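Undergrad: Provided hereafter are the protein sequence and its experimental coordinates.
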Amino acid sequence: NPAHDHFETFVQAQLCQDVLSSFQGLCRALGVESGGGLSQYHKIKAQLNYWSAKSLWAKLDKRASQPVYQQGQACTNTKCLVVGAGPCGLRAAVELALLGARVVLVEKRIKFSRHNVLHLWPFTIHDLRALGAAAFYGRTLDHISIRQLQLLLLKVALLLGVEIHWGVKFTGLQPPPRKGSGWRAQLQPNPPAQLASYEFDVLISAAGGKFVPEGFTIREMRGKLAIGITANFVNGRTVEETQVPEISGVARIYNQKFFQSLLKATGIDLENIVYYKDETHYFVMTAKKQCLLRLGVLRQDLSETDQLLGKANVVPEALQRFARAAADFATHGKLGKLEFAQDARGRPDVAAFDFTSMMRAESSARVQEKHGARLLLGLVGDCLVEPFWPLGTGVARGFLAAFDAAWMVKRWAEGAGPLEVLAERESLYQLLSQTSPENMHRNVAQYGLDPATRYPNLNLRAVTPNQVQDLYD
Ligand SMILES: Cc1cc2nc3c(=O)[nH]c(=O)nc-3n(C[C@H](O)[C@H](O)[C@H](O)COP(=O)(O)OP(=O)(O)OC[C@H]3O[C@@H](n4cnc5c(N)ncnc54)[C@H](O)[C@@H]3O)c2cc1C
């Protein structure tokens, strides 16, 4: 059955292009238009009540029917543009969809190429499971690679009728030229008329570490130099490979004299290491600069980290030897001969990163108004709070920011004043950089958009309308 086959292909799909073609073939076969909101979702499921698909819709329905969404009517007025199909962009898109809003998302890339592996807090694991994650991804389960989290959330966003455009870069805004017009987006390359003319009152920016819209202030604090190295090796799925335990973190304190043993044998002095067994064997480690220079990884000692870890300063062969030697030792050689996975552009998949300079945006939202047309803008994900990767806070905190932005859009749609919406968002924002599974609500099954289910003794007035006046205009 060819609607069934397209749906089956869509579910099982493992390349961004393959998700898109099978989903389009599904829409064609069922006579529906993609990007058609919750109505699309209802029409698709009504045609696919066939048992195999049944538990998928039962989970998505159970989510959609949560009181907070008002059955897809809360934001039925609202038209959003989401920048970025990273995990946190798709996740915010899905919450916006379930609220009833029209949602268009633009992504500069045309594939999901990142293999690095991300740690998941308990709440996010339940969150994903609750979204049909088991039907979408066959494959311990406390971590997930970037691209598989993207494929999963892409298929959810698509079913829920989010309209997504690829190989399009958000470059800023076209303000209302006068009374009666809305906000539009500047886009590269020169967009088709459909996107050129799309007007929205909500912009959610989830463009990652290196982009926020004009008007946002970012805070950069630079601490003690830390240099991170990530590597992905091919994971054949040999029984032997499968039996090698993961290494949850190690470090000084923690699980220490391991680093004693590593240095002798190898000459590698590390601050931390982590091994995740996933689609690849992934390692992340923090290495002393002295040590990277001593072992030929960095070719000289530059004071500016962005130069220190630049292409010109990093030696590919030395970097590869270092990471393989470290990975082999941590695993006691039981992974066999390690082969580097071959990377977004065909290179061996190892790299060095600035683990030191940690941005935090000054606000999570702003409002811009012109000729009587208001635009609400919200940041979500790495562009709001940059994560320190070995501590595993990226997904968790990007997802919380996505719920908190969606809650704010709910409020916006309900008619609260811009200052009221902004002050309440910013009271939530004050908690973000200290959140932990320990200081949040413990029953993660009951987490939903309403922040009271997520943050205990919540204070939505921590920030006042006057404290946010400079965020409005
Ligand atoms: C090279 C790389 C490696 C990483 N490795 C790790 C790791 O090993 N461990 C870990 O914990 N975290 C890692 N991270 C961070 C981790 O991926 C993020 O915490 C997580 O994906 C959530 O990020 P996000 O959705 O906010 O942003 P991202 O994942 O950065 O996604 C941003 C999305 O926006 C798109 N985009 C950017 N600019 C525009 C524009 N102007 N218009 C349209 N689209 C745009 C990007 O193409 C991207 O698809 C890595 C990030 C990168 C970029």
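TA: That came through, no problem. Numbering: from 1, shown residues only.

Undergrad: now the end-to-end length of stretch 137-146.
TA: In terms of CA to CA, to the nearest Å, the two terminal residues of stretch 137-146 are separated by 13 Å.

Undergrad: list the buried residues for it?
TA: For stretch 137-146, a neighbour-count test (16 or more other CB atoms under 10 Å) marks 137, 143, 144, 145, 146 as buried. Every C-beta, even on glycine, is put in place using the N, C-alpha and C of the backbone.

Undergrad: and if you look at stretch 200-220?
TA: The neighbour-count criterion (16+ other CB under 10 Å) identifies 200-208, 211-213, 216 as the buried residues of stretch 200-220.

Undergrad: how about residue 369, nearest residue that isn't a chain neighbour?
TA: Counting by CB to CB, 6 or more residues apart in numbering, residue 369 lies nearest to residue 473, which is 6.3 Å off, once chain neighbours are set aside.

Undergrad: scratch that, residue 27
TA: If the residues on either side of it in the chain are set aside, residue 27 comes closest to residue 34, at 5.0 Å by CB to CB, 6+ apart.

Undergrad: next: residue 396.
TA: Excluding the flanking residues, the one nearest residue 396 by CB to CB, 6+ apart is residue 121, at 4.0 Å.

Undergrad: count of residues packed around that neighbour?
TA: Burial of residue 121 is recorded as 21 neighbouring residues (other CB atoms under 10 Å).

Undergrad: distance of it from residue 383?
TA: Applying CB to CB, to the nearest Å, the value for residue 121 to residue 383 is 20 Å.

Undergrad: same check on residue 73?
TA: In this structure, residue 73 and residue 383 are 30 Å apart, going by CB to CB.

Undergrad: which one's more surrounded, those two?
TA: Shown here are residue 73 and residue 383; by other CB under 10 Å, residue 383 has more neighbours (28 against 12).

Undergrad: mind listing what the more buried one touches?
TA: Shown in contact with residue 383 (CB atoms under 8 Å, 6 or more residues apart in numbering): 205, 206, 207, 208, 209, 210, 211, 212, 361.

Undergrad: those: which ones sit near the ligand?
TA: Among the contacts of residue 383, the residues lying close to the ligand (CB under 6 Å from any ligand atom) are 206, 207, 208, 209, 211.

Undergrad: test my guess that the third one contacts residue 382.
TA: Looking back up the chat, that one is residue 208. Yes: counting by CB atoms under 8 Å, residue 208 sits close enough to residue 382 to count as a contact (4.9 Å).

Undergrad: what sits closest to the residue of the stretch 251-400 of the chain found nearest the ligand if chain neighbours are left out?
TA: With CB to the nearest ligand atom as the measure, residue 381 is the residue of the stretch 251-400 of the chain nearest to the ligand, at 2.2 Å. Leaving out its chain neighbours, the residue that sits closest to residue 381 by CB to CB, 6+ apart is residue 88, at 2.9 Å.

Undergrad: burial of the one you found, as a residue count?
TA: Residue 88: 31 surrounding residues under other CB under 10 Å.

Undergrad: surely it is within a helix?
TA: Yes: using DSSP: H, G, I helix; E, B strand; the rest coil, the assignment for residue 88 is a helix.

Undergrad: and it, how far from residue 217?
TA: 20 Å.

Undergrad: for the residue lying closest to residue 83 once chain neighbours are set aside, list the residues it contacts.
TA: Closest residue to residue 83 in three dimensions, ignoring its sequence neighbours and counting by CB to CB, 6+ apart: residue 170, at 4.3 Å. For residue 170, the contacting residues are 81, 83, 106, 108, 185, 186, 187, 205, 207, taking CB under 8 Å, 6+ apart as the criterion.

Undergrad: rerun at 7 Å
TA: Contact analysis of residue 170 by CB atoms under 7 Å, 6 or more residues apart in numbering lists 83, 106, 185, 187, 207.

Undergrad: also residue 403?
TA: Residues near residue 403 by CB under 7 Å, 6+ apart: 95, 449, 454.

Undergrad: for the nearest residue to the last one once chain neighbours are set aside, what are phi and psi?
TA: Distance criterion CB to CB, 6+ apart; nearest residue to residue 454, sequence neighbours excluded, is residue 447 at 5.3 Å. The phi/psi pair for residue 447 (degrees, to the nearest 10) reads phi -70, psi 130.

Undergrad: what sits up against whichever strand or helix holds residue 274?
TA: Assessed by DSSP states H and E, residue 274 sits inside strand 270-277. Outside of strand 270-277, the residues within contact range by CB under 7 Å, 6+ apart are 117, 143, 226, 235, 244, 246-252, 259, 262, 282-288, 326, 330-331, 390.

Undergrad: could you list the buried residues of it?
TA: 270, 271, 272, 273, 274, 275, 276, 277.

Undergrad: secondary structure element for residue 104?
TA: Element membership of residue 104, judged by DSSP H and E, is strand 102-107.

Undergrad: swap in residue 358?
TA: When elements are assigned from DSSP H and E, residue 358 belongs to strand 357-361.

Undergrad: after that strand, which helix or strand is next?
TA: Helices and strands here follow DSSP H and E; after strand 357-361, the next one along the chain is strand 365-370.

Undergrad: and the next element down the chain from that next one?
TA: Downstream of strand 365-370, the first helix or strand assigned by DSSP H and E is strand 373-379.

Undergrad: partner strands of that following strand and their direction?
TA: When pairs are called by DSSP bridges, strand 373-379 turns out to pair with strand 202-205 (parallel), strand 365-370 (antiparallel).

Undergrad: and the contacts of it?
TA: Applying CB under 7 Å, 6+ apart, the set of residues contacting strand 373-379 from outside is 176, 181-183, 201-205, 212-213, 216, 361, 364-368, 405, 408-409, 412, 418, 421.
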